[PDB]
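Here is work39.cif, consisting of mmCIF, N, CA and C atoms:
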```
data_run
#
loop_
_atom_site.label_atom_id
_atom_site.label_comp_id
_atom_site.auth_asym_id
_atom_site.auth_seq_id
_atom_site.Cartn_x
_atom_site.Cartn_y
_atom_site.Cartn_z
N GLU W 7 7.95 -11.71 12.80
CA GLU W 7 7.57 -10.36 13.30
C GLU W 7 6.15 -10.57 13.94
N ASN W 8 5.82 -9.67 14.84
CA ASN W 8 4.64 -9.62 15.62
C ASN W 8 3.53 -8.87 14.92
N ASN W 9 3.74 -8.40 13.69
CA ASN W 9 2.78 -7.59 12.98
C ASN W 9 3.17 -7.69 11.51
N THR W 10 2.48 -8.57 10.77
CA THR W 10 2.82 -8.79 9.40
C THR W 10 1.51 -8.97 8.62
N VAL W 11 1.50 -8.35 7.46
CA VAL W 11 0.39 -8.39 6.53
C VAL W 11 0.94 -8.77 5.16
N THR W 12 0.34 -9.75 4.51
CA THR W 12 0.66 -10.08 3.11
C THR W 12 -0.62 -9.96 2.31
N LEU W 13 -0.54 -9.23 1.19
CA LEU W 13 -1.69 -9.00 0.31
C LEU W 13 -1.26 -9.22 -1.13
N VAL W 14 -2.15 -9.79 -1.93
CA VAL W 14 -1.98 -9.82 -3.39
C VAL W 14 -3.22 -9.23 -3.97
N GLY W 15 -3.09 -8.17 -4.75
CA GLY W 15 -4.25 -7.54 -5.36
C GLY W 15 -3.85 -6.47 -6.36
N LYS W 16 -4.81 -5.63 -6.71
CA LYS W 16 -4.60 -4.64 -7.75
C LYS W 16 -4.71 -3.24 -7.20
N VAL W 17 -3.85 -2.35 -7.68
CA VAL W 17 -3.93 -0.94 -7.35
C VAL W 17 -5.29 -0.45 -7.80
N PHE W 18 -6.08 0.08 -6.91
CA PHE W 18 -7.48 0.45 -7.17
C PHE W 18 -7.68 1.93 -7.27
N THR W 19 -6.98 2.70 -6.45
CA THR W 19 -6.94 4.14 -6.54
C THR W 19 -5.46 4.53 -6.72
N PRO W 20 -5.19 5.68 -7.35
CA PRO W 20 -3.80 6.01 -7.67
C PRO W 20 -2.98 6.39 -6.43
N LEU W 21 -1.68 6.27 -6.59
CA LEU W 21 -0.78 6.75 -5.53
C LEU W 21 -0.98 8.24 -5.35
N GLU W 22 -1.28 8.65 -4.13
CA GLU W 22 -1.56 10.04 -3.82
C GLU W 22 -0.51 10.45 -2.82
N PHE W 23 0.18 11.50 -3.09
CA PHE W 23 1.20 12.00 -2.19
C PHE W 23 0.56 12.29 -0.86
N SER W 24 1.15 11.78 0.22
CA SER W 24 0.62 12.24 1.50
C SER W 24 1.52 13.37 2.01
N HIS W 25 2.76 12.99 2.30
CA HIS W 25 3.66 14.05 2.71
C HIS W 25 5.05 13.46 2.88
N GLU W 26 5.92 14.27 3.48
CA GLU W 26 7.32 13.89 3.52
C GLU W 26 7.85 13.77 4.92
N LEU W 27 8.90 12.98 4.93
CA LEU W 27 9.61 12.82 6.18
C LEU W 27 11.03 13.23 5.95
N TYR W 28 11.47 14.37 6.44
CA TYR W 28 12.84 14.75 6.16
C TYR W 28 13.21 14.53 4.71
N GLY W 29 12.30 14.91 3.82
CA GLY W 29 12.50 14.82 2.39
C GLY W 29 12.09 13.51 1.73
N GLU W 30 11.95 12.42 2.47
CA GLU W 30 11.40 11.17 1.92
C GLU W 30 9.92 11.30 1.62
N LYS W 31 9.48 10.94 0.44
CA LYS W 31 8.10 11.08 -0.04
C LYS W 31 7.33 9.77 0.22
N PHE W 32 6.15 9.89 0.80
CA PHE W 32 5.24 8.83 1.04
C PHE W 32 3.94 9.06 0.25
N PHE W 33 3.38 7.92 -0.16
CA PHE W 33 2.18 7.88 -0.95
C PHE W 33 1.18 6.89 -0.32
N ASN W 34 -0.08 7.20 -0.44
CA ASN W 34 -1.15 6.32 -0.04
C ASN W 34 -1.91 5.85 -1.27
N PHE W 35 -2.44 4.62 -1.24
CA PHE W 35 -3.31 4.15 -2.29
C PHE W 35 -4.18 3.03 -1.71
N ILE W 36 -5.24 2.67 -2.43
CA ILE W 36 -6.09 1.56 -2.06
C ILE W 36 -5.80 0.36 -2.95
N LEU W 37 -5.70 -0.81 -2.32
CA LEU W 37 -5.51 -2.08 -2.99
C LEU W 37 -6.82 -2.85 -2.97
N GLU W 38 -7.25 -3.37 -4.12
CA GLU W 38 -8.41 -4.25 -4.20
C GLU W 38 -7.94 -5.69 -4.11
N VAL W 39 -8.41 -6.43 -3.13
CA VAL W 39 -7.99 -7.78 -2.89
C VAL W 39 -9.20 -8.70 -2.94
N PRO W 40 -9.26 -9.63 -3.92
CA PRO W 40 -10.47 -10.46 -4.02
C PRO W 40 -10.51 -11.60 -3.02
N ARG W 41 -11.67 -11.85 -2.42
CA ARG W 41 -11.92 -13.03 -1.64
C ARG W 41 -12.26 -14.21 -2.53
N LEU W 42 -12.17 -15.43 -2.00
CA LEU W 42 -12.59 -16.63 -2.76
C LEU W 42 -13.97 -16.46 -3.36
N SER W 43 -14.86 -15.83 -2.60
CA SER W 43 -16.23 -15.62 -3.02
C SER W 43 -16.35 -14.59 -4.15
N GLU W 44 -15.27 -13.87 -4.37
CA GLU W 44 -15.10 -12.79 -5.32
C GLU W 44 -15.63 -11.45 -4.76
N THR W 45 -16.24 -11.37 -3.56
CA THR W 45 -16.36 -10.12 -2.83
C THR W 45 -14.95 -9.50 -2.75
N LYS W 46 -14.81 -8.18 -2.82
CA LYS W 46 -13.52 -7.53 -2.71
C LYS W 46 -13.36 -6.82 -1.38
N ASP W 47 -12.13 -6.82 -0.88
CA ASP W 47 -11.69 -5.92 0.18
C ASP W 47 -10.91 -4.78 -0.40
N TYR W 48 -11.12 -3.58 0.12
CA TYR W 48 -10.48 -2.37 -0.32
C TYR W 48 -9.61 -1.88 0.83
N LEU W 49 -8.30 -2.02 0.67
CA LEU W 49 -7.37 -1.93 1.77
C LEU W 49 -6.39 -0.79 1.59
N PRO W 50 -6.12 -0.05 2.66
CA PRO W 50 -5.21 1.11 2.58
C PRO W 50 -3.76 0.71 2.67
N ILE W 51 -2.97 1.22 1.73
CA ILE W 51 -1.55 1.00 1.68
C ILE W 51 -0.83 2.36 1.78
N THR W 52 0.31 2.37 2.45
CA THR W 52 1.23 3.50 2.47
C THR W 52 2.58 3.00 2.03
N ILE W 53 3.22 3.72 1.13
CA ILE W 53 4.49 3.30 0.63
C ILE W 53 5.41 4.48 0.42
N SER W 54 6.68 4.26 0.76
CA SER W 54 7.76 5.18 0.49
C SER W 54 8.18 5.10 -0.97
N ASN W 55 8.53 6.24 -1.55
CA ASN W 55 9.02 6.11 -2.93
C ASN W 55 10.39 5.46 -2.96
N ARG W 56 11.05 5.23 -1.86
CA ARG W 56 12.23 4.35 -1.90
C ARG W 56 11.90 2.95 -2.35
N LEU W 57 10.70 2.46 -2.09
CA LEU W 57 10.46 1.04 -2.36
C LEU W 57 9.96 0.60 -3.69
N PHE W 58 9.60 1.64 -4.44
CA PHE W 58 9.00 1.24 -5.74
C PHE W 58 9.79 1.96 -6.82
N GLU W 59 11.00 2.39 -6.46
CA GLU W 59 11.90 2.76 -7.53
C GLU W 59 12.01 1.60 -8.52
N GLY W 60 11.87 1.95 -9.77
CA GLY W 60 11.91 0.95 -10.82
C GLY W 60 10.55 0.53 -11.31
N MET W 61 9.57 0.62 -10.38
CA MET W 61 8.31 0.08 -10.90
C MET W 61 7.29 1.19 -11.02
N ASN W 62 6.29 0.83 -11.81
CA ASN W 62 5.15 1.69 -12.04
C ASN W 62 4.04 1.04 -11.23
N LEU W 63 3.37 1.88 -10.44
CA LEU W 63 2.15 1.50 -9.75
C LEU W 63 0.90 2.26 -10.25
N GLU W 64 0.65 2.26 -11.54
CA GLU W 64 -0.58 2.81 -12.08
C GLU W 64 -1.80 1.96 -11.64
N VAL W 65 -2.95 2.55 -11.61
CA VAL W 65 -4.21 1.83 -11.37
C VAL W 65 -4.30 0.63 -12.26
N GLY W 66 -4.64 -0.55 -11.70
CA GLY W 66 -4.73 -1.78 -12.39
C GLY W 66 -3.50 -2.67 -12.25
N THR W 67 -2.40 -2.10 -11.77
CA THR W 67 -1.18 -2.90 -11.56
C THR W 67 -1.43 -3.94 -10.48
N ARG W 68 -0.98 -5.17 -10.71
CA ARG W 68 -1.12 -6.24 -9.73
C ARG W 68 0.18 -6.34 -8.95
N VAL W 69 0.05 -6.48 -7.63
CA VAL W 69 1.20 -6.46 -6.74
C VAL W 69 1.00 -7.48 -5.62
N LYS W 70 2.15 -7.91 -5.10
CA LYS W 70 2.22 -8.58 -3.80
C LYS W 70 2.90 -7.61 -2.85
N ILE W 71 2.29 -7.35 -1.70
CA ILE W 71 2.79 -6.46 -0.69
C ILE W 71 2.98 -7.20 0.60
N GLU W 72 4.09 -6.97 1.28
CA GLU W 72 4.28 -7.33 2.65
C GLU W 72 4.43 -6.04 3.44
N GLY W 73 3.81 -5.94 4.61
CA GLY W 73 3.99 -4.79 5.44
C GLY W 73 3.43 -4.96 6.83
N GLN W 74 3.38 -3.85 7.51
CA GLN W 74 3.01 -3.76 8.91
C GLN W 74 1.67 -3.05 9.01
N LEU W 75 0.72 -3.54 9.79
CA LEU W 75 -0.54 -2.83 9.96
C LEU W 75 -0.32 -1.77 11.04
N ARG W 76 -0.45 -0.50 10.65
CA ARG W 76 -0.18 0.62 11.52
C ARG W 76 -1.42 1.44 11.78
N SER W 77 -1.51 1.94 13.02
CA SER W 77 -2.38 3.05 13.32
C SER W 77 -1.48 4.29 13.46
N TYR W 78 -2.05 5.43 13.03
CA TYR W 78 -1.30 6.67 13.26
C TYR W 78 -2.28 7.82 13.30
N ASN W 79 -1.81 8.92 13.96
CA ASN W 79 -2.67 10.09 14.10
C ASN W 79 -2.25 11.03 12.95
N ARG W 80 -3.08 11.10 11.90
CA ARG W 80 -2.94 11.90 10.72
C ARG W 80 -3.26 13.39 10.96
N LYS W 89 -7.12 12.78 12.44
CA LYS W 89 -7.81 11.65 12.98
C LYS W 89 -6.89 10.44 12.90
N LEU W 90 -7.27 9.38 13.62
CA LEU W 90 -6.56 8.14 13.55
C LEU W 90 -6.88 7.39 12.26
N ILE W 91 -5.84 7.00 11.58
CA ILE W 91 -5.91 6.30 10.29
C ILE W 91 -5.20 4.97 10.46
N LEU W 92 -5.72 3.95 9.78
CA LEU W 92 -5.06 2.67 9.64
C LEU W 92 -4.48 2.56 8.26
N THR W 93 -3.31 1.93 8.17
CA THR W 93 -2.71 1.66 6.88
C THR W 93 -1.85 0.43 6.95
N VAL W 94 -1.67 -0.22 5.82
CA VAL W 94 -0.65 -1.25 5.66
C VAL W 94 0.58 -0.50 5.19
N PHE W 95 1.58 -0.39 6.04
CA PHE W 95 2.81 0.29 5.75
C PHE W 95 3.73 -0.71 5.08
N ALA W 96 3.98 -0.50 3.77
CA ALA W 96 4.67 -1.48 2.98
C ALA W 96 6.14 -1.56 3.36
N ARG W 97 6.60 -2.81 3.45
CA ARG W 97 8.02 -3.11 3.58
C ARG W 97 8.57 -3.70 2.30
N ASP W 98 7.77 -4.39 1.51
CA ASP W 98 8.21 -5.02 0.29
C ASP W 98 7.06 -4.99 -0.67
N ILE W 99 7.37 -4.72 -1.94
CA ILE W 99 6.36 -4.73 -2.98
C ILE W 99 6.99 -5.37 -4.22
N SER W 100 6.23 -6.19 -4.89
CA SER W 100 6.64 -6.76 -6.15
C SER W 100 5.45 -6.67 -7.12
N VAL W 101 5.71 -6.17 -8.31
CA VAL W 101 4.72 -6.13 -9.39
C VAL W 101 4.74 -7.50 -10.03
N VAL W 102 3.54 -8.06 -10.27
CA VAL W 102 3.38 -9.37 -10.85
C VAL W 102 2.44 -9.30 -12.05
N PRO W 103 2.52 -10.27 -12.96
CA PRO W 103 1.57 -10.30 -14.07
C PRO W 103 0.21 -10.79 -13.64
N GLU W 104 -0.74 -10.62 -14.54
CA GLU W 104 -2.07 -11.17 -14.37
C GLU W 104 -2.19 -12.67 -14.57
#
```

Do you think you could lay out the structure here as structure tokens?
Amino acid sequence: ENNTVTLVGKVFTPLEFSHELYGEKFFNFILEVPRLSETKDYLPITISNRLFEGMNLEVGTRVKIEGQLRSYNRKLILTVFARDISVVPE
């Protein structure tokens, strides 16, 4: 794909409902992703509740995310629009 993002990090802020698409519910949250130096990046994620059926994404949950870096007019916002998410242990 021409636009792919892979992140491994921890849910830093809780899933917050943004809104719906023809009844599909979307949520935004921030992922904390550590650099080698241990400086952190705080990155915006958007996810459909179709994709995390089965899992809990409470604050502190560690995940691997694959998705698309999107701009959209909300003002213009950037987000990593998740295509795949997996909860992993520490």

For residue W:69, which residue out of W:27, W:41, W:35, W:102 is the nearest one, using all atoms listed in the file?
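Distance minimum relative to residue W:69 lands on W:102.
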
I would like the residues chosen by the PyMOL selection byres ((chain W and resi 80-97) around 7) on the shown file; could you give them as an NGL selection string?
:W and (49-54 or 57 or 71-79 or 98-99)

For each of W:28, W:48, W:18, W:33, take the minimum atom-to-atom distance to residue W:67, counting all atoms listed in the file, then give the residue where this is smallest.
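Checking each candidate against residue W:67, we get W:18 as the closest.
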
Can you pull out every residue within 8 Å of residue W:21, counting only N, CA and C atoms, but drop anything in the same chain fewer than 5 positions away, and send it as a list in words?
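Non-adjacent residues within range: residues 32, 33, 34, 35, 36, 63, 64 and 65 of chain W.
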
From the set W:43, W:70, W:61, W:56, which residue has the shortest atom-to-atom contact distance to residue W:12, counting all atoms listed in the file?
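Using all atoms listed in the file, residue W:12 sits closest to W:70.
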
Between atom N of residue W:22 and atom C of residue W:44, distance in Å (one decimal):
24.7 Å

Report, in Å to a single decimal, how far apart atom N of residue W:103 and atom N of residue W:38 are.
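So the answer is 14.9 Å.
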
For residue W:68: contacts at 8 Å, only C-alpha atoms, fewer than 6 positions along chain excluded, given as a ChimeraX atom specification:
/W:14-17,101-104

So, with only N, CA and C atoms as the atoms that count, which of W:42, W:7, W:31, W:66 lies closest to residue W:19?
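Among the listed residues, W:66 lies closest to residue W:19.
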
Just to confirm, what's the straight-line distance from atom C of residue W:30 to atom N of residue W:55 in Å (one decimal)?
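Between atom C of residue W:30 and atom N of residue W:55 the gap works out to 6.1 Å.
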
Can you check which residues of chain W DSSP gives as strand (DSSP E) on the backbone and send them as a count of residues only?
58
